[PDB]
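File shown here: start-v7.pdb, holding PDB, C-alpha atoms.
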```
ATOM      1  CA  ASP J   1       3.374  32.493 -32.926  1.00  0.00           C
ATOM      2  CA  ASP J   2       3.790  35.056 -30.177  1.00  0.00           C
ATOM      3  CA  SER J   3       6.854  33.350 -28.697  1.00  0.00           C
ATOM      4  CA  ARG J   4       9.193  35.582 -26.732  1.00  0.00           C
ATOM      5  CA  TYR J   5      12.113  34.453 -28.915  1.00  0.00           C
ATOM      6  CA  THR J   6      10.324  35.564 -32.138  1.00  0.00           C
ATOM      7  CA  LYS J   7       9.482  38.937 -30.480  1.00  0.00           C
ATOM      8  CA  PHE J   8      13.190  39.350 -29.486  1.00  0.00           C
ATOM      9  CA  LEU J   9      14.339  38.898 -33.122  1.00  0.00           C
ATOM     10  CA  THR J  10      11.640  41.340 -34.430  1.00  0.00           C
ATOM     11  CA  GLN J  11      12.662  44.025 -31.943  1.00  0.00           C
ATOM     12  CA  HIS J  12      16.440  43.512 -31.632  1.00  0.00           C
ATOM     13  CA  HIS J  13      18.095  41.791 -34.650  1.00  0.00           C
ATOM     14  CA  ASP J  14      19.269  43.458 -37.925  1.00  0.00           C
ATOM     15  CA  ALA J  15      22.169  41.508 -39.388  1.00  0.00           C
ATOM     16  CA  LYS J  16      23.408  43.897 -42.044  1.00  0.00           C
ATOM     17  CA  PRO J  17      22.314  47.470 -41.265  1.00  0.00           C
ATOM     18  CA  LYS J  18      21.912  50.087 -43.994  1.00  0.00           C
ATOM     19  CA  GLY J  19      23.141  52.882 -41.792  1.00  0.00           C
ATOM     20  CA  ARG J  20      23.876  53.534 -38.142  1.00  0.00           C
ATOM     21  CA  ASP J  21      22.469  57.039 -37.712  1.00  0.00           C
ATOM     22  CA  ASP J  22      19.279  58.941 -36.779  1.00  0.00           C
ATOM     23  CA  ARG J  23      17.546  58.255 -40.141  1.00  0.00           C
ATOM     24  CA  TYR J  24      18.318  54.495 -39.845  1.00  0.00           C
ATOM     25  CA  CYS J  25      16.600  54.499 -36.417  1.00  0.00           C
ATOM     26  CA  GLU J  26      13.484  56.367 -37.659  1.00  0.00           C
ATOM     27  CA  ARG J  27      13.101  53.955 -40.642  1.00  0.00           C
ATOM     28  CA  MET J  28      13.753  50.759 -38.683  1.00  0.00           C
ATOM     29  CA  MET J  29      11.448  51.541 -35.653  1.00  0.00           C
ATOM     30  CA  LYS J  30       8.606  52.138 -38.140  1.00  0.00           C
ATOM     31  CA  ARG J  31       9.409  48.949 -40.170  1.00  0.00           C
ATOM     32  CA  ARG J  32       9.398  46.750 -37.040  1.00  0.00           C
ATOM     33  CA  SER J  33       6.087  48.339 -35.837  1.00  0.00           C
ATOM     34  CA  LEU J  34       7.561  49.980 -32.720  1.00  0.00           C
ATOM     35  CA  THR J  35       5.908  53.414 -33.250  1.00  0.00           C
ATOM     36  CA  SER J  36       2.311  53.026 -31.940  1.00  0.00           C
ATOM     37  CA  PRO J  37       3.006  54.248 -29.360  1.00  0.00           C
ATOM     38  CA  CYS J  38       6.641  55.471 -29.797  1.00  0.00           C
ATOM     39  CA  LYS J  39       8.905  53.025 -27.949  1.00  0.00           C
ATOM     40  CA  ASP J  40      11.258  55.029 -25.680  1.00  0.00           C
ATOM     41  CA  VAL J  41      14.557  53.159 -26.184  1.00  0.00           C
ATOM     42  CA  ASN J  42      15.353  50.130 -28.379  1.00  0.00           C
ATOM     43  CA  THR J  43      18.693  48.536 -29.370  1.00  0.00           C
ATOM     44  CA  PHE J  44      19.386  46.586 -32.618  1.00  0.00           C
ATOM     45  CA  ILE J  45      22.181  43.994 -32.539  1.00  0.00           C
ATOM     46  CA  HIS J  46      24.094  43.390 -35.827  1.00  0.00           C
ATOM     47  CA  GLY J  47      25.890  40.323 -37.209  1.00  0.00           C
ATOM     48  CA  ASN J  48      24.650  36.715 -37.332  1.00  0.00           C
ATOM     49  CA  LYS J  49      21.854  35.160 -35.229  1.00  0.00           C
ATOM     50  CA  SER J  50      24.053  32.202 -34.117  1.00  0.00           C
ATOM     51  CA  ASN J  51      26.438  34.437 -32.154  1.00  0.00           C
ATOM     52  CA  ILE J  52      23.504  36.015 -30.234  1.00  0.00           C
ATOM     53  CA  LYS J  53      22.005  32.609 -29.297  1.00  0.00           C
ATOM     54  CA  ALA J  54      25.449  31.495 -27.967  1.00  0.00           C
ATOM     55  CA  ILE J  55      25.228  34.167 -25.185  1.00  0.00           C
ATOM     56  CA  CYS J  56      22.720  31.774 -23.573  1.00  0.00           C
ATOM     57  CA  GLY J  57      25.451  29.067 -23.475  1.00  0.00           C
ATOM     58  CA  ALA J  58      29.219  29.177 -23.288  1.00  0.00           C
ATOM     59  CA  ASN J  59      29.612  32.654 -24.785  1.00  0.00           C
ATOM     60  CA  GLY J  60      27.763  34.401 -21.888  1.00  0.00           C
ATOM     61  CA  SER J  61      28.222  34.567 -18.066  1.00  0.00           C
ATOM     62  CA  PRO J  62      25.585  34.991 -15.370  1.00  0.00           C
ATOM     63  CA  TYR J  63      25.002  38.663 -14.568  1.00  0.00           C
ATOM     64  CA  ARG J  64      23.071  39.634 -11.422  1.00  0.00           C
ATOM     65  CA  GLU J  65      20.205  37.345 -10.387  1.00  0.00           C
ATOM     66  CA  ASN J  66      18.585  36.397 -13.677  1.00  0.00           C
ATOM     67  CA  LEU J  67      20.499  37.994 -16.635  1.00  0.00           C
ATOM     68  CA  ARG J  68      23.512  37.045 -18.798  1.00  0.00           C
ATOM     69  CA  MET J  69      26.386  39.190 -20.147  1.00  0.00           C
ATOM     70  CA  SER J  70      28.168  38.500 -23.438  1.00  0.00           C
ATOM     71  CA  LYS J  71      31.852  37.503 -23.245  1.00  0.00           C
ATOM     72  CA  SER J  72      32.713  39.496 -26.399  1.00  0.00           C
ATOM     73  CA  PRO J  73      31.441  42.783 -27.829  1.00  0.00           C
ATOM     74  CA  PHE J  74      28.878  43.167 -30.614  1.00  0.00           C
ATOM     75  CA  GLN J  75      28.187  45.890 -33.129  1.00  0.00           C
ATOM     76  CA  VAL J  76      24.959  47.614 -31.886  1.00  0.00           C
ATOM     77  CA  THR J  77      22.799  50.667 -32.652  1.00  0.00           C
ATOM     78  CA  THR J  78      20.657  52.076 -29.831  1.00  0.00           C
ATOM     79  CA  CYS J  79      17.651  54.274 -30.834  1.00  0.00           C
ATOM     80  CA  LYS J  80      16.361  56.779 -28.259  1.00  0.00           C
ATOM     81  CA  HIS J  81      13.020  58.670 -28.633  1.00  0.00           C
ATOM     82  CA  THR J  82      13.301  62.496 -28.633  1.00  0.00           C
ATOM     83  CA  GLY J  83      10.602  65.200 -28.393  1.00  0.00           C
ATOM     84  CA  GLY J  84       8.555  63.354 -25.760  1.00  0.00           C
ATOM     85  CA  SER J  85       5.469  62.709 -27.918  1.00  0.00           C
ATOM     86  CA  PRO J  86       4.168  59.111 -27.492  1.00  0.00           C
ATOM     87  CA  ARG J  87       2.244  59.781 -30.728  1.00  0.00           C
ATOM     88  CA  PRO J  88       3.779  59.252 -34.207  1.00  0.00           C
ATOM     89  CA  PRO J  89       5.670  60.356 -36.254  1.00  0.00           C
ATOM     90  CA  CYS J  90       8.384  59.160 -33.869  1.00  0.00           C
ATOM     91  CA  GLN J  91      11.758  60.954 -33.954  1.00  0.00           C
ATOM     92  CA  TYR J  92      14.899  59.092 -32.784  1.00  0.00           C
ATOM     93  CA  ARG J  93      18.568  59.803 -32.052  1.00  0.00           C
ATOM     94  CA  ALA J  94      21.074  56.952 -32.693  1.00  0.00           C
ATOM     95  CA  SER J  95      24.071  55.818 -30.603  1.00  0.00           C
ATOM     96  CA  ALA J  96      26.209  53.179 -32.423  1.00  0.00           C
ATOM     97  CA  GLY J  97      29.065  51.267 -30.783  1.00  0.00           C
ATOM     98  CA  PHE J  98      30.936  47.983 -30.228  1.00  0.00           C
ATOM     99  CA  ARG J  99      29.815  46.962 -26.739  1.00  0.00           C
ATOM    100  CA  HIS J 100      29.095  43.954 -24.485  1.00  0.00           C
ATOM    101  CA  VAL J 101      25.349  43.267 -24.151  1.00  0.00           C
ATOM    102  CA  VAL J 102      23.138  41.931 -21.338  1.00  0.00           C
ATOM    103  CA  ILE J 103      20.046  39.793 -22.138  1.00  0.00           C
ATOM    104  CA  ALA J 104      17.744  37.253 -20.451  1.00  0.00           C
ATOM    105  CA  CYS J 105      17.514  33.660 -21.771  1.00  0.00           C
ATOM    106  CA  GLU J 106      14.786  31.023 -21.349  1.00  0.00           C
ATOM    107  CA  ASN J 107      15.032  27.426 -22.715  1.00  0.00           C
ATOM    108  CA  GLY J 108      18.388  28.311 -24.322  1.00  0.00           C
ATOM    109  CA  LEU J 109      16.989  31.247 -26.351  1.00  0.00           C
ATOM    110  CA  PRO J 110      17.224  35.061 -25.995  1.00  0.00           C
ATOM    111  CA  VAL J 111      13.940  36.549 -24.755  1.00  0.00           C
ATOM    112  CA  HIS J 112      14.632  40.096 -23.388  1.00  0.00           C
ATOM    113  CA  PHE J 113      17.287  42.842 -23.934  1.00  0.00           C
ATOM    114  CA  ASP J 114      18.361  44.919 -20.874  1.00  0.00           C
ATOM    115  CA  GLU J 115      18.357  48.499 -22.192  1.00  0.00           C
ATOM    116  CA  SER J 116      19.411  49.832 -18.766  1.00  0.00           C
ATOM    117  CA  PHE J 117      22.926  48.409 -19.035  1.00  0.00           C
ATOM    118  CA  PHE J 118      23.962  51.140 -21.540  1.00  0.00           C
TER
END
```
Could you take the file, read its structure, and then write that structure out as structure tokens?
Amino acid sequence: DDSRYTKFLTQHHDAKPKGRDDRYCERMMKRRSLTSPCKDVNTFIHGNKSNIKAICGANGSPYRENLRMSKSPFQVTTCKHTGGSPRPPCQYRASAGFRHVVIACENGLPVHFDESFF
């Protein structure tokens, strides 16, 4: 199973986060295998999976040509690589907030997160 929906959950869903700071980002990027090489920017969305899937239906609106914007905010933590080394150990700075998100959907399921919106 290398479905794009499975990959989206591995990279972007953590329902009940243990922290929301720089150490949470360093731990979680390593646990989800996003450190070989260091991924430059990656956001985790918190809360239940059902609310994220509903962005692809009535709880999202079309945004630009092929994306979709949530109608309500979500708790999120964005992790940004610092120090410019693509090689691990990978250091990260966190930015937590309660923000609308923009994703792409295919067949009713989330398959890409637009990091450029933040």
**Asked** Restricting the calculation to all atoms listed in the file, which member of J:59, J:48, J:91, J:116 is positioned closest to residue 75 (chain J)?
**Response** J:48
**Resolved residues for the PyMOL selection byres ((chain J and resi 33-36) around 10) as JSON, numbers by chain** = {"J": [10, 11, 26, 28, 29, 30, 31, 32, 37, 38, 39, 40, 42, 81, 86, 87, 88, 89, 90, 91]}
**Request:** Go ahead and compute the interatomic distance for CA of residue 51 (chain J) and CA of residue 22 (chain J), in Å to one decimal.
**Result:** 25.9 Å
**Request:** List the neighbours of residue 106 (chain J) out to 12 Å using only C-alpha atoms; skip same-chain residues closer than 2 positions along the sequence, and give me the result as a ChimeraX atom specification.
**Result:** /J:3-5,8,53,55-57,66-68,103-104,108-112
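As for CA of residue 64 (chain J) and CA of residue 41 (chain J), they are spaced 21.8 Å apart.
Considering the residues J:100, J:46, J:113, J:9 and counting only C-alpha atoms, residue 60 (chain J) has its shortest atom-to-atom contact with J:100.
Taking all atoms listed in the file into account, residue 117 (chain J) lies nearest to J:63 out of the set J:7, J:74, J:63, J:20.
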**Request:** May I have the protein, DNA and RNA residues with any atom at most 6 Å from the point (21.4, 47.3, -35.0), counting all atoms listed in the file, written as a ChimeraX atom specification?
**Result:** /J:14,44-46,76-77
Write out the residues from the selection above, keeping C-alpha atoms, as a PDB file, keeping the file's coordinate frame.
```
ATOM      1  CA  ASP J  14      19.269  43.458 -37.925  1.00  0.00           C
ATOM      2  CA  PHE J  44      19.386  46.586 -32.618  1.00  0.00           C
ATOM      3  CA  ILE J  45      22.181  43.994 -32.539  1.00  0.00           C
ATOM      4  CA  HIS J  46      24.094  43.390 -35.827  1.00  0.00           C
ATOM      5  CA  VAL J  76      24.959  47.614 -31.886  1.00  0.00           C
ATOM      6  CA  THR J  77      22.799  50.667 -32.652  1.00  0.00           C
TER       7      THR J  77
END
```
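Rounded to one decimal, CA of residue 24 (chain J) and CA of residue 69 (chain J) lie 26.2 Å from each other.
Residue nearest residue 13 (chain J) within the list J:61, J:95, J:78, J:70: J:78 [criterion: smallest interatomic distance, only C-alpha atoms].
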**Message:** Could you check the closest approach to residue 50 (chain J) for each of J:73, J:6, J:79, J:15 and tell me which residue wins, using all atoms listed in the file?
**Reply:** J:15
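Among the candidate residues J:47, J:2, J:96, J:65, the one lying nearest to residue 25 (chain J) is J:96, with distances computed using all atoms listed in the file.
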